[PDB]
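Structure data (compact mmCIF, C-alpha atoms and all ligand atoms) from target_18.txt:
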```
# COMPACT_ATOMS: atom_id res chain seq x y z
CA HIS E 995 23.72 3.27 -40.73
CA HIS E 996 22.81 2.03 -37.18
CA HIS E 997 21.96 -1.60 -36.58
CA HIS E 998 18.35 -2.67 -36.33
CA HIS E 999 16.85 -6.12 -35.78
CA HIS E 1000 15.15 -7.70 -38.75
CA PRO E 1001 11.51 -6.54 -38.93
CA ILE E 1002 8.91 -8.43 -36.91
CA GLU E 1003 5.68 -9.43 -38.70
CA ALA E 1004 2.34 -9.56 -36.91
CA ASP E 1005 -1.41 -9.19 -37.52
CA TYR E 1006 -2.07 -6.26 -35.20
CA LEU E 1007 0.37 -3.75 -33.71
CA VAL E 1008 -1.10 -2.13 -30.60
CA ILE E 1009 0.46 1.22 -29.64
CA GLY E 1010 0.12 1.60 -25.86
CA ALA E 1011 -0.17 -0.97 -23.10
CA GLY E 1012 -2.55 0.88 -20.80
CA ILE E 1013 -6.09 -0.36 -20.21
CA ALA E 1014 -7.10 0.47 -23.78
CA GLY E 1015 -4.28 -1.38 -25.52
CA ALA E 1016 -4.28 -4.23 -23.01
CA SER E 1017 -8.04 -4.84 -23.30
CA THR E 1018 -8.11 -4.62 -27.08
CA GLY E 1019 -4.99 -6.81 -27.32
CA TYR E 1020 -6.52 -9.37 -24.94
CA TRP E 1021 -9.58 -9.92 -27.19
CA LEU E 1022 -7.45 -9.86 -30.38
CA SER E 1023 -4.82 -12.26 -29.13
CA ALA E 1024 -6.69 -15.56 -29.65
CA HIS E 1025 -7.19 -14.68 -33.32
CA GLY E 1026 -3.82 -13.49 -34.63
CA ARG E 1027 -0.33 -12.31 -33.75
CA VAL E 1028 -0.54 -9.34 -31.37
CA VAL E 1029 2.47 -7.12 -30.58
CA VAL E 1030 1.86 -4.36 -28.01
CA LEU E 1031 4.45 -1.56 -28.20
CA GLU E 1032 4.68 0.54 -25.02
CA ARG E 1033 6.96 3.56 -24.52
CA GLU E 1034 7.45 3.33 -20.76
CA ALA E 1035 9.25 0.66 -18.77
CA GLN E 1036 5.88 -0.38 -17.26
CA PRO E 1037 2.42 -0.58 -18.91
CA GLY E 1038 0.38 1.40 -16.32
CA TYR E 1039 2.60 4.42 -15.67
CA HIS E 1040 0.10 6.86 -17.25
CA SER E 1041 -3.66 7.16 -16.86
CA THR E 1042 -4.37 3.51 -16.13
CA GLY E 1043 -2.24 3.71 -12.99
CA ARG E 1044 -3.74 7.01 -11.85
CA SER E 1045 -7.51 6.47 -11.67
CA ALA E 1046 -9.94 6.46 -8.73
CA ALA E 1047 -10.43 2.75 -9.47
CA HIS E 1048 -14.24 3.05 -9.47
CA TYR E 1049 -17.14 1.59 -11.43
CA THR E 1050 -20.02 4.06 -11.73
CA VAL E 1051 -22.78 3.33 -14.25
CA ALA E 1052 -24.68 6.64 -14.10
CA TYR E 1053 -21.75 8.68 -15.35
CA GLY E 1054 -20.83 10.20 -18.71
CA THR E 1055 -22.87 10.32 -21.93
CA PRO E 1056 -25.38 7.65 -22.98
CA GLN E 1057 -22.70 5.77 -24.98
CA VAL E 1058 -20.38 5.75 -21.95
CA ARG E 1059 -23.13 4.39 -19.74
CA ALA E 1060 -23.86 1.64 -22.25
CA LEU E 1061 -20.17 0.59 -22.48
CA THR E 1062 -19.91 0.63 -18.66
CA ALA E 1063 -23.09 -1.39 -18.17
CA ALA E 1064 -21.98 -3.89 -20.81
CA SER E 1065 -18.60 -4.41 -19.08
CA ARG E 1066 -20.03 -5.55 -15.74
CA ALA E 1067 -20.54 -9.16 -16.78
CA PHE E 1068 -16.86 -9.68 -17.53
CA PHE E 1069 -15.77 -7.91 -14.35
CA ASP E 1070 -18.04 -9.95 -12.12
CA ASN E 1071 -17.49 -13.30 -13.92
CA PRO E 1072 -14.19 -13.24 -15.91
CA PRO E 1073 -12.94 -16.38 -17.67
CA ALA E 1074 -11.32 -19.13 -15.58
CA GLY E 1075 -7.67 -18.34 -15.12
CA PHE E 1076 -8.02 -14.57 -15.87
CA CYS E 1077 -7.24 -13.55 -12.29
CA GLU E 1078 -6.85 -14.93 -8.76
CA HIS E 1079 -9.28 -12.71 -6.83
CA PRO E 1080 -12.51 -10.78 -7.49
CA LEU E 1081 -12.05 -7.78 -9.77
CA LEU E 1082 -14.85 -5.75 -8.11
CA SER E 1083 -15.58 -4.98 -4.51
CA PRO E 1084 -18.72 -3.29 -3.30
CA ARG E 1085 -18.66 0.51 -3.20
CA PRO E 1086 -21.99 2.29 -3.62
CA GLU E 1087 -21.94 5.85 -4.88
CA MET E 1088 -23.63 8.74 -3.09
CA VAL E 1089 -23.97 11.96 -5.14
CA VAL E 1090 -24.70 14.78 -2.69
CA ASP E 1091 -26.32 18.12 -3.52
CA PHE E 1092 -24.16 20.76 -1.86
CA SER E 1093 -25.59 23.45 -4.13
CA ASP E 1094 -29.34 23.41 -3.25
CA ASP E 1095 -30.31 22.48 -6.82
CA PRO E 1096 -33.29 20.16 -6.37
CA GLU E 1097 -34.17 20.30 -10.08
CA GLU E 1098 -30.72 18.96 -10.98
CA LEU E 1099 -30.76 16.39 -8.23
CA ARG E 1100 -34.14 15.11 -9.44
CA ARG E 1101 -32.88 15.06 -13.06
CA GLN E 1102 -29.88 12.97 -12.09
CA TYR E 1103 -32.05 10.65 -10.00
CA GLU E 1104 -34.53 10.02 -12.83
CA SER E 1105 -31.74 9.57 -15.37
CA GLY E 1106 -29.85 7.19 -13.12
CA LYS E 1107 -32.94 5.23 -12.02
CA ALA E 1108 -33.79 4.53 -15.67
CA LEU E 1109 -30.41 2.74 -15.92
CA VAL E 1110 -30.15 1.40 -12.34
CA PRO E 1111 -33.50 0.42 -10.94
CA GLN E 1112 -32.08 0.31 -7.40
CA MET E 1113 -31.02 3.99 -7.49
CA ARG E 1114 -32.51 5.92 -4.58
CA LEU E 1115 -33.29 9.56 -3.85
CA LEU E 1116 -32.13 10.52 -0.33
CA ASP E 1117 -33.04 13.43 1.86
CA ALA E 1118 -30.31 15.31 3.68
CA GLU E 1119 -30.71 13.33 6.90
CA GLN E 1120 -30.28 10.06 5.01
CA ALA E 1121 -27.09 11.28 3.36
CA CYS E 1122 -25.68 12.38 6.70
CA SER E 1123 -26.50 9.00 8.28
CA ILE E 1124 -24.41 7.25 5.62
CA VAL E 1125 -21.40 9.62 5.83
CA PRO E 1126 -21.72 11.06 9.33
CA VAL E 1127 -18.91 13.62 8.94
CA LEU E 1128 -21.10 15.53 6.47
CA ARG E 1129 -22.13 19.02 7.59
CA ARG E 1130 -25.92 18.88 7.65
CA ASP E 1131 -26.22 22.58 6.75
CA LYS E 1132 -24.27 21.96 3.57
CA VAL E 1133 -26.38 18.99 2.37
CA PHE E 1134 -29.62 19.28 0.41
CA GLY E 1135 -30.24 15.68 -0.68
CA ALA E 1136 -28.45 12.95 -2.58
CA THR E 1137 -28.71 10.03 -4.96
CA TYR E 1138 -27.53 6.60 -3.87
CA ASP E 1139 -26.47 3.84 -6.27
CA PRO E 1140 -26.21 0.50 -4.39
CA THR E 1141 -24.52 -1.07 -7.45
CA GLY E 1142 -21.30 0.93 -7.50
CA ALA E 1143 -18.02 -0.93 -7.17
CA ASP E 1144 -14.32 -0.42 -6.74
CA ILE E 1145 -12.09 -2.00 -9.38
CA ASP E 1146 -8.84 -3.85 -8.68
CA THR E 1147 -7.28 -2.05 -11.61
CA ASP E 1148 -3.87 -3.69 -11.34
CA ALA E 1149 -5.43 -7.19 -11.32
CA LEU E 1150 -7.64 -6.27 -14.28
CA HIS E 1151 -4.83 -4.67 -16.27
CA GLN E 1152 -2.36 -7.45 -15.56
CA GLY E 1153 -5.05 -10.02 -16.37
CA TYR E 1154 -5.49 -8.55 -19.85
CA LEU E 1155 -1.74 -8.43 -20.41
CA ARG E 1156 -1.18 -11.98 -19.18
CA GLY E 1157 -3.94 -13.20 -21.47
CA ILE E 1158 -2.14 -11.66 -24.45
CA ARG E 1159 1.05 -13.47 -23.50
CA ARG E 1160 -0.75 -16.78 -22.97
CA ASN E 1161 -2.02 -16.42 -26.56
CA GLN E 1162 1.57 -16.01 -27.80
CA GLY E 1163 1.24 -12.24 -28.12
CA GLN E 1164 4.10 -9.94 -27.11
CA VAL E 1165 3.89 -7.01 -24.68
CA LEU E 1166 7.03 -4.96 -25.28
CA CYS E 1167 7.88 -2.12 -22.87
CA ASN E 1168 10.65 0.33 -23.66
CA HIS E 1169 9.34 0.22 -27.26
CA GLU E 1170 8.15 3.74 -28.01
CA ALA E 1171 6.75 4.02 -31.54
CA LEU E 1172 9.13 6.60 -33.03
CA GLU E 1173 8.04 6.51 -36.70
CA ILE E 1174 4.99 5.01 -38.46
CA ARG E 1175 4.81 4.45 -42.21
CA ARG E 1176 2.61 2.55 -44.66
CA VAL E 1177 5.18 0.28 -46.40
CA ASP E 1178 4.48 -2.59 -48.80
CA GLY E 1179 0.81 -3.00 -47.72
CA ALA E 1180 1.35 -2.87 -44.02
CA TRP E 1181 1.80 -0.36 -41.25
CA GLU E 1182 5.46 -0.36 -40.21
CA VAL E 1183 6.41 1.03 -36.81
CA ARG E 1184 10.00 1.93 -36.04
CA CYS E 1185 11.09 1.49 -32.43
CA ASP E 1186 14.63 2.26 -31.32
CA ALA E 1187 16.00 -1.31 -31.80
CA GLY E 1188 13.92 -2.50 -34.75
CA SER E 1189 10.67 -2.30 -36.67
CA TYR E 1190 7.31 -4.05 -36.58
CA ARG E 1191 4.86 -4.65 -39.41
CA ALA E 1192 1.18 -5.53 -39.56
CA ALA E 1193 -1.86 -4.83 -41.67
CA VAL E 1194 -3.53 -3.25 -38.65
CA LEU E 1195 -2.22 -0.39 -36.47
CA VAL E 1196 -4.25 -0.19 -33.27
CA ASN E 1197 -3.83 3.31 -31.83
CA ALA E 1198 -4.38 2.89 -28.07
CA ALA E 1199 -1.90 5.56 -26.92
CA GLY E 1200 -4.09 7.35 -24.36
CA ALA E 1201 -3.53 11.10 -24.30
CA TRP E 1202 -1.03 10.57 -27.17
CA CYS E 1203 -3.45 9.07 -29.71
CA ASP E 1204 -3.40 12.18 -31.89
CA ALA E 1205 0.38 12.26 -31.69
CA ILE E 1206 0.44 8.71 -33.07
CA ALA E 1207 -1.86 9.79 -35.91
CA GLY E 1208 0.63 12.59 -36.54
CA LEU E 1209 3.48 10.11 -36.98
CA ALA E 1210 1.31 8.15 -39.43
CA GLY E 1211 -0.03 11.09 -41.45
CA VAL E 1212 -3.62 10.31 -40.41
CA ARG E 1213 -6.09 13.10 -39.60
CA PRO E 1214 -6.37 13.39 -35.81
CA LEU E 1215 -9.55 13.42 -33.78
CA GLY E 1216 -9.05 16.59 -31.76
CA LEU E 1217 -8.33 14.76 -28.49
CA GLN E 1218 -8.08 17.03 -25.44
CA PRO E 1219 -6.24 15.67 -22.40
CA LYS E 1220 -7.51 17.06 -19.11
CA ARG E 1221 -5.66 16.94 -15.78
CA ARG E 1222 -7.30 15.51 -12.70
CA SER E 1223 -5.40 15.39 -9.41
CA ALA E 1224 -6.08 13.17 -6.39
CA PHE E 1225 -4.58 12.51 -2.99
CA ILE E 1226 -4.59 9.99 -0.15
CA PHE E 1227 -4.85 11.13 3.47
CA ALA E 1228 -5.41 9.59 6.88
CA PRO E 1229 -8.81 9.74 8.58
CA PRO E 1230 -8.95 11.48 11.93
CA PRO E 1231 -8.52 9.33 14.99
CA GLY E 1232 -11.91 7.81 15.85
CA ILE E 1233 -13.47 8.22 12.32
CA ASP E 1234 -14.13 4.50 10.96
CA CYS E 1235 -14.70 5.38 7.43
CA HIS E 1236 -13.75 2.01 5.89
CA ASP E 1237 -17.25 1.24 4.62
CA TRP E 1238 -18.32 4.69 3.45
CA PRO E 1239 -19.60 4.93 -0.16
CA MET E 1240 -17.86 6.97 -2.76
CA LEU E 1241 -19.08 10.50 -2.10
CA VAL E 1242 -19.28 12.92 -5.05
CA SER E 1243 -20.79 16.39 -5.16
CA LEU E 1244 -23.65 16.95 -7.59
CA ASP E 1245 -21.62 19.40 -9.68
CA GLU E 1246 -18.50 17.16 -9.64
CA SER E 1247 -16.58 19.72 -7.62
CA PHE E 1248 -14.93 17.08 -5.41
CA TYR E 1249 -15.10 13.47 -4.37
CA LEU E 1250 -14.06 11.42 -1.36
CA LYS E 1251 -13.81 7.63 -1.06
CA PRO E 1252 -12.21 5.12 1.27
CA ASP E 1253 -9.10 3.41 -0.02
CA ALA E 1254 -8.27 0.54 2.31
CA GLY E 1255 -7.81 2.26 5.66
CA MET E 1256 -7.19 5.69 4.14
CA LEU E 1257 -9.23 8.30 2.28
CA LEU E 1258 -8.93 9.30 -1.36
CA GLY E 1259 -9.86 12.90 -2.14
CA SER E 1260 -9.96 14.90 -5.32
CA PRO E 1261 -11.11 18.28 -6.66
CA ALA E 1262 -12.43 16.25 -9.63
CA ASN E 1263 -10.80 18.70 -12.02
CA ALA E 1264 -10.54 18.72 -15.80
CA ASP E 1265 -7.92 21.33 -16.63
CA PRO E 1266 -6.95 21.13 -20.34
CA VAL E 1267 -3.31 20.34 -20.90
CA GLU E 1268 -1.05 18.77 -23.55
CA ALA E 1269 -0.17 15.08 -23.36
CA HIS E 1270 2.75 14.70 -20.96
CA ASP E 1271 3.78 12.95 -17.71
CA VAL E 1272 1.40 15.06 -15.66
CA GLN E 1273 2.09 16.09 -12.08
CA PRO E 1274 -0.34 17.27 -9.43
CA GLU E 1275 -0.71 21.03 -9.07
CA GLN E 1276 -0.68 22.54 -5.59
CA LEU E 1277 -3.84 24.53 -6.35
CA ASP E 1278 -5.61 21.29 -7.30
CA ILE E 1279 -4.70 19.59 -4.03
CA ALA E 1280 -5.47 22.67 -1.92
CA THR E 1281 -8.84 23.11 -3.57
CA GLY E 1282 -9.88 19.49 -2.99
CA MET E 1283 -8.82 19.65 0.64
CA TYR E 1284 -10.62 22.95 1.13
CA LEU E 1285 -13.87 21.62 -0.29
CA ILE E 1286 -13.74 18.45 1.80
CA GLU E 1287 -13.03 20.49 4.97
CA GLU E 1288 -16.03 22.74 4.11
CA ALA E 1289 -18.46 19.90 3.31
CA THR E 1290 -17.45 17.73 6.29
CA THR E 1291 -15.99 17.81 9.77
CA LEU E 1292 -12.75 16.22 8.53
CA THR E 1293 -9.46 18.00 8.93
CA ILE E 1294 -6.69 17.00 6.53
CA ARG E 1295 -3.17 17.14 8.00
CA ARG E 1296 -0.89 16.12 5.06
CA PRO E 1297 -1.25 13.77 2.24
CA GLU E 1298 0.54 10.45 2.06
CA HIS E 1299 0.28 10.42 -1.74
CA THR E 1300 -0.58 12.95 -4.42
CA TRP E 1301 -0.77 12.46 -8.16
CA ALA E 1302 -2.50 13.62 -11.32
CA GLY E 1303 -3.52 11.89 -14.53
CA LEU E 1304 -5.00 12.63 -17.90
CA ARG E 1305 -8.65 12.08 -18.85
CA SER E 1306 -8.76 12.59 -22.61
CA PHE E 1307 -11.87 13.53 -24.57
CA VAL E 1308 -13.15 14.29 -28.02
CA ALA E 1309 -15.74 16.95 -28.57
CA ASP E 1310 -18.89 14.88 -27.89
CA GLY E 1311 -17.58 13.10 -24.76
CA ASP E 1312 -18.00 9.63 -26.29
CA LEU E 1313 -15.30 6.97 -26.67
CA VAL E 1314 -13.90 6.03 -30.08
CA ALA E 1315 -13.40 2.49 -31.38
CA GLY E 1316 -13.22 2.30 -35.17
CA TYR E 1317 -11.18 2.36 -38.29
CA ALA E 1318 -10.09 5.78 -39.53
CA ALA E 1319 -11.92 7.02 -42.60
CA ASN E 1320 -9.67 6.84 -45.71
CA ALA E 1321 -6.68 5.38 -43.73
CA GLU E 1322 -6.73 1.66 -44.35
CA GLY E 1323 -5.78 -0.44 -41.38
CA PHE E 1324 -5.51 2.42 -38.84
CA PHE E 1325 -7.85 1.69 -35.91
CA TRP E 1326 -8.59 4.22 -33.17
CA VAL E 1327 -9.08 3.04 -29.56
CA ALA E 1328 -9.31 6.51 -28.05
CA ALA E 1329 -11.11 9.15 -26.02
CA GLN E 1330 -11.52 6.98 -22.91
CA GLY E 1331 -12.19 10.20 -20.95
CA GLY E 1332 -12.98 9.56 -17.32
CA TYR E 1333 -14.17 6.04 -18.01
CA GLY E 1334 -11.43 3.88 -19.45
CA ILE E 1335 -11.21 1.35 -16.67
CA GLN E 1336 -14.94 0.77 -16.17
CA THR E 1337 -15.61 0.52 -19.93
CA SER E 1338 -12.57 -1.61 -20.75
CA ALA E 1339 -14.19 -5.03 -21.09
CA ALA E 1340 -16.80 -3.76 -23.57
CA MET E 1341 -14.34 -1.52 -25.37
CA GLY E 1342 -11.75 -4.31 -25.62
CA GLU E 1343 -14.29 -6.80 -26.96
CA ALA E 1344 -15.98 -4.35 -29.32
CA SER E 1345 -12.76 -2.92 -30.71
CA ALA E 1346 -11.25 -6.38 -31.32
CA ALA E 1347 -14.43 -7.53 -33.12
CA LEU E 1348 -14.44 -4.42 -35.32
CA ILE E 1349 -10.73 -4.70 -36.09
CA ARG E 1350 -11.45 -8.25 -37.26
CA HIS E 1351 -14.44 -7.08 -39.40
CA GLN E 1352 -16.83 -9.03 -37.21
CA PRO E 1353 -20.20 -7.88 -35.96
CA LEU E 1354 -20.38 -6.74 -32.37
CA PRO E 1355 -21.22 -9.65 -30.05
CA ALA E 1356 -24.92 -9.91 -29.13
CA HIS E 1357 -24.44 -9.02 -25.49
CA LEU E 1358 -22.91 -5.75 -26.50
CA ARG E 1359 -25.63 -5.03 -29.07
CA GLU E 1360 -28.26 -5.78 -26.38
CA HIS E 1361 -26.83 -2.89 -24.32
CA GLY E 1362 -27.57 -0.62 -27.30
CA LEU E 1363 -24.01 -0.32 -28.76
CA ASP E 1364 -23.42 -0.40 -32.49
CA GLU E 1365 -20.59 0.29 -34.83
CA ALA E 1366 -21.67 3.82 -35.78
CA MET E 1367 -21.84 5.18 -32.24
CA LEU E 1368 -18.24 3.98 -31.68
CA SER E 1369 -16.79 5.18 -34.99
CA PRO E 1370 -14.56 8.25 -35.39
CA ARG E 1371 -16.73 9.09 -38.44
CA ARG E 1372 -19.34 10.57 -36.17
CA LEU E 1373 -17.07 13.50 -35.24
CA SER E 1374 -17.56 14.83 -38.71
CA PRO E 1375 -20.26 15.74 -41.24
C1 LIG E 1401 -6.47 10.63 -13.71
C2 LIG E 1401 -7.82 10.01 -13.34
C3 LIG E 1401 -8.47 9.19 -14.26
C4 LIG E 1401 -9.65 8.53 -13.92
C5 LIG E 1401 -10.18 8.73 -12.64
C6 LIG E 1401 -9.52 9.53 -11.71
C7 LIG E 1401 -8.35 10.19 -12.06
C8 LIG E 1401 -7.59 11.02 -10.98
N1 LIG E 1401 -11.43 8.13 -12.32
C9 LIG E 1401 -12.47 8.99 -11.79
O1 LIG E 1401 -12.23 10.16 -11.34
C10 LIG E 1401 -13.89 8.51 -11.70
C11 LIG E 1401 -14.79 9.20 -10.74
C12 LIG E 1401 -16.21 8.58 -10.93
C13 LIG E 1401 -14.38 9.07 -9.26
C14 LIG E 1401 -11.68 6.91 -13.02
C15 LIG E 1401 -11.26 6.80 -14.34
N2 LIG E 1401 -11.62 5.78 -15.17
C16 LIG E 1401 -12.43 4.84 -14.68
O2 LIG E 1401 -12.91 3.94 -15.42
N3 LIG E 1401 -12.73 4.81 -13.34
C17 LIG E 1401 -12.35 5.82 -12.45
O3 LIG E 1401 -12.60 5.68 -11.24
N4 LIG E 1401 -10.31 7.67 -14.84
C18 LIG E 1401 -9.94 7.60 -16.26
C19 LIG E 1401 -8.92 6.48 -16.62
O4 LIG E 1401 -7.75 6.75 -15.83
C20 LIG E 1401 -8.57 6.61 -18.12
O5 LIG E 1401 -9.78 6.68 -18.90
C21 LIG E 1401 -7.82 5.38 -18.65
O6 LIG E 1401 -6.76 5.05 -17.74
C22 LIG E 1401 -7.27 5.68 -20.03
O7 LIG E 1401 -6.53 4.47 -20.42
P1 LIG E 1401 -5.69 4.50 -21.77
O8 LIG E 1401 -5.19 3.12 -21.99
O9 LIG E 1401 -6.42 5.23 -22.84
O10 LIG E 1401 -4.44 5.48 -21.37
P2 LIG E 1401 -3.03 5.18 -20.69
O11 LIG E 1401 -2.36 6.50 -20.49
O12 LIG E 1401 -3.18 4.30 -19.49
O13 LIG E 1401 -2.25 4.29 -21.75
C23 LIG E 1401 -1.73 4.84 -22.99
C24 LIG E 1401 -0.36 4.23 -23.13
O14 LIG E 1401 0.15 4.67 -24.42
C25 LIG E 1401 1.58 4.75 -24.27
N5 LIG E 1401 2.13 5.51 -25.39
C26 LIG E 1401 1.93 6.84 -25.68
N6 LIG E 1401 2.63 7.21 -26.76
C27 LIG E 1401 3.29 6.06 -27.17
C28 LIG E 1401 4.20 5.80 -28.19
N7 LIG E 1401 4.71 6.76 -29.03
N8 LIG E 1401 4.65 4.52 -28.33
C29 LIG E 1401 4.25 3.58 -27.48
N9 LIG E 1401 3.42 3.73 -26.42
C30 LIG E 1401 2.96 5.02 -26.32
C31 LIG E 1401 1.72 5.44 -22.92
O15 LIG E 1401 3.03 5.42 -22.41
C32 LIG E 1401 0.65 4.73 -22.07
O16 LIG E 1401 1.14 3.67 -21.27
```
Would you mind writing the structure in this file as structure tokens?
Amino acid sequence: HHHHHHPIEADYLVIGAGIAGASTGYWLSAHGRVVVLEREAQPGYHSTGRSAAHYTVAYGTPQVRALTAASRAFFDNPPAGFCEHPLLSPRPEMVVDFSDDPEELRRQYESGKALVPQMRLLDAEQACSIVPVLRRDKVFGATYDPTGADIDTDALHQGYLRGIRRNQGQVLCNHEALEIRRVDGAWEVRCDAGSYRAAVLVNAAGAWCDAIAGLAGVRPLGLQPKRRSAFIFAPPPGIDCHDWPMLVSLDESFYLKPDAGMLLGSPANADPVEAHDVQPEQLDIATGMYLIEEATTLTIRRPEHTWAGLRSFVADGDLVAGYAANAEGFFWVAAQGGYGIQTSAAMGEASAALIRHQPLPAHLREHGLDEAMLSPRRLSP
């Protein structure tokens, strides 16, 4: 009995306009009618706006590393007109052993060197030369990846979204998917002003992907959102930290990285929580500050910014890009974990190809990706 617009027909409905939905929609948009439906008033209010903005190849499971490695080409060399400035800026990563665990440090070095030939094993003195506020007594060695980079996430995200629009796709904010139903051979999504129909439902809803499956009556994946907080603080007078690498402890207990003229810190946490608009917890912030003040000579007065976001995982830690078993037309773009920005070019390209029943592009295959390792089917026997 309330008015709705006449239904809108498309080829692919993408639920969520974060990095996942934007990247998938970008690669779909040249091929068919894309409509991206986003709940919030802006597309990057949730995890995509909350990351450390870093590109780290030796990070996550083997699949993650392959997706990250395969994304670099696009980030370094995107198509003419995608963006106005470079997407990456140089930011090596230094993983420091604060634990005195030389067996683990050597494992991570060998693992990383196999992927990144330029990876180096540092002694404690070398680590302390690179970040001179380190407490030498607390440092037992490090790895150093000269190939790490910071990502201009807003430029990347907006570039994907703009590409959709330039291909006559629609990016609709304030369009929460409220109901999802298979109707007359298509998925039909009800938003508050009208409905949308397409043969393909692309579920790119971040921490809410299982909620979207719930609307649709599709078996969920078991996605677990995990809170990570971060904060920005001023360096002490006299500390020119602008060119420091990203500094991470070997057991991922904290990290520290320059952000412009400030410092980004984090306790690098992964506290399991439900999907929601997550806020930083005081204990998270206090813990990250404590660990930084223990590992270094820095003193942290009071943060300029604090926030938290959700890093969402399935049980094996790998991302998901594939059609749901026994749910025609329902395509998962999920479980981005701690890696959704740095994997987005490969994930966007792979997911769009698979949605369109195309083989994965060679360059992706050559990084050792295939359909099966991306599929949600692997989570079950
Ligand atoms: C927090 C957090 C996260 C990272 C790092 C730090 C912190 C502190 N971070 C590191 O700590 C690295 C170390 C090495 C330093 C680094 C990260 N990722 C990197 O690649 N690089 C990093 O440096 N991450 C993970 C990335 O942040 C993370 O992997 C990536 O951002 C995930 O992107 P999605 O696209 O999957 O998720 P969205 O939430 O954006 O978008 C979903 C949208 O869906 C909508 N939506 C939902 N429901 C509906 C309905 N009903 N209807 C309609 N619409 C609906 C909803 O409103 C959203 O807008």
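Shortest separation to residue E:1229 among E:1067, E:1185, E:1250, E:1242 occurs at residue E:1250, atoms counted being all atoms listed in the file.
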Per-residue nearest contacts of chain E to ligand LIG 1401 (chain E) (6 Å; only C-alpha atoms and all ligand atoms) as a Markdown table:
```
| residue | atom | partner | partner_atom | distance |
| --- | --- | --- | --- | --- |
| E:1009 | CA | E:LIG1401 | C29 | 5.0 |
| E:1010 | CA | E:LIG1401 | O14 | 3.4 |
| E:1011 | CA | E:LIG1401 | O16 | 5.2 |
| E:1012 | CA | E:LIG1401 | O13 | 3.6 |
| E:1013 | CA | E:LIG1401 | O8 | 4.0 |
| E:1014 | CA | E:LIG1401 | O8 | 3.7 |
| E:1015 | CA | E:LIG1401 | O8 | 5.8 |
| E:1031 | CA | E:LIG1401 | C29 | 5.2 |
| E:1032 | CA | E:LIG1401 | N9 | 3.7 |
| E:1033 | CA | E:LIG1401 | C29 | 4.0 |
| E:1034 | CA | E:LIG1401 | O15 | 5.2 |
| E:1037 | CA | E:LIG1401 | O16 | 5.0 |
| E:1038 | CA | E:LIG1401 | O16 | 5.5 |
| E:1039 | CA | E:LIG1401 | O16 | 5.8 |
| E:1040 | CA | E:LIG1401 | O11 | 4.1 |
| E:1041 | CA | E:LIG1401 | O6 | 3.9 |
| E:1042 | CA | E:LIG1401 | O6 | 3.3 |
| E:1044 | CA | E:LIG1401 | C1 | 4.9 |
| E:1045 | CA | E:LIG1401 | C5 | 3.6 |
| E:1046 | CA | E:LIG1401 | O3 | 3.7 |
| E:1047 | CA | E:LIG1401 | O3 | 4.1 |
| E:1048 | CA | E:LIG1401 | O3 | 3.6 |
| E:1049 | CA | E:LIG1401 | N3 | 5.8 |
| E:1050 | CA | E:LIG1401 | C12 | 6.0 |
| E:1170 | CA | E:LIG1401 | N8 | 3.6 |
| E:1171 | CA | E:LIG1401 | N8 | 3.9 |
| E:1172 | CA | E:LIG1401 | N7 | 6.0 |
| E:1199 | CA | E:LIG1401 | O14 | 3.4 |
| E:1200 | CA | E:LIG1401 | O9 | 3.5 |
| E:1202 | CA | E:LIG1401 | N6 | 5.0 |
| E:1222 | CA | E:LIG1401 | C8 | 4.8 |
| E:1223 | CA | E:LIG1401 | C8 | 5.1 |
| E:1224 | CA | E:LIG1401 | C8 | 5.3 |
| E:1302 | CA | E:LIG1401 | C1 | 5.5 |
| E:1303 | CA | E:LIG1401 | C1 | 3.3 |
| E:1304 | CA | E:LIG1401 | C1 | 4.9 |
| E:1305 | CA | E:LIG1401 | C18 | 5.3 |
| E:1330 | CA | E:LIG1401 | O5 | 4.4 |
| E:1331 | CA | E:LIG1401 | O5 | 4.7 |
| E:1332 | CA | E:LIG1401 | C18 | 3.8 |
| E:1333 | CA | E:LIG1401 | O2 | 3.6 |
| E:1334 | CA | E:LIG1401 | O5 | 3.3 |
| E:1335 | CA | E:LIG1401 | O2 | 3.3 |
| E:1336 | CA | E:LIG1401 | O2 | 3.8 |
```
With all atoms listed in the file as the counted atoms, please give the residues lying no more than 8 Å from residue E:1283, apart from itself and same-chain residues fewer than 4 positions off, as number ranges by chain. E: 1259-1261, 1279, 1287, 1294
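The closest residue to residue E:1296, picked from E:1001, E:1325, E:1227, E:1167 and counting all atoms listed in the file, is E:1227.
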Q: Might you pull out every residue within 7 Å of residue E:1128, with all atoms listed in the file counted and same-chain residues fewer than 5 positions away left off, and present them as a count of residues only?
A: 4
One decimal place gives the atom CA of residue E:1149-atom CA of residue E:1066 separation as 15.3 Å
TODO: Compile the contact shell of stretch 1107-1114 of chain E as a PyMOL selection string: residues with an atom at most 12 Å away, counting all atoms listed in the file, same-chain residues fewer than 2 positions apart removed.
DONE: chain E and resi 1050-1053+1056+1059-1060+1062-1064+1086-1090+1099-1105+1116-1117+1120-1121+1135-1142+1361
- [ ] Tell me, in Å to one decimal, how far atom CA of residue E:1188 is from atom CA of residue E:1165.
- [x]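 According to the coordinates, atom CA of residue E:1188 and atom CA of residue E:1165 are separated by 14.9 Å.
Atom CA of residue E:1027 lies 5.0 Å from atom CA of residue E:1005.
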For residue E:1339, the closest of E:1151, E:1184, E:1295, E:1371 counting all atoms listed in the file is E:1151
Let me have the centre and edge lengths of the axis-aligned box enclosing all listed atoms of stretch 1272-1286 of chain E with 5 Å padding on every side, in Å to one decimal, as lines of an AutoDock Vina configuration file.
```
center_x = -5.9
center_y = 19.8
center_z = -6.9
size_x = 26.0
size_y = 19.5
size_z = 27.5
```
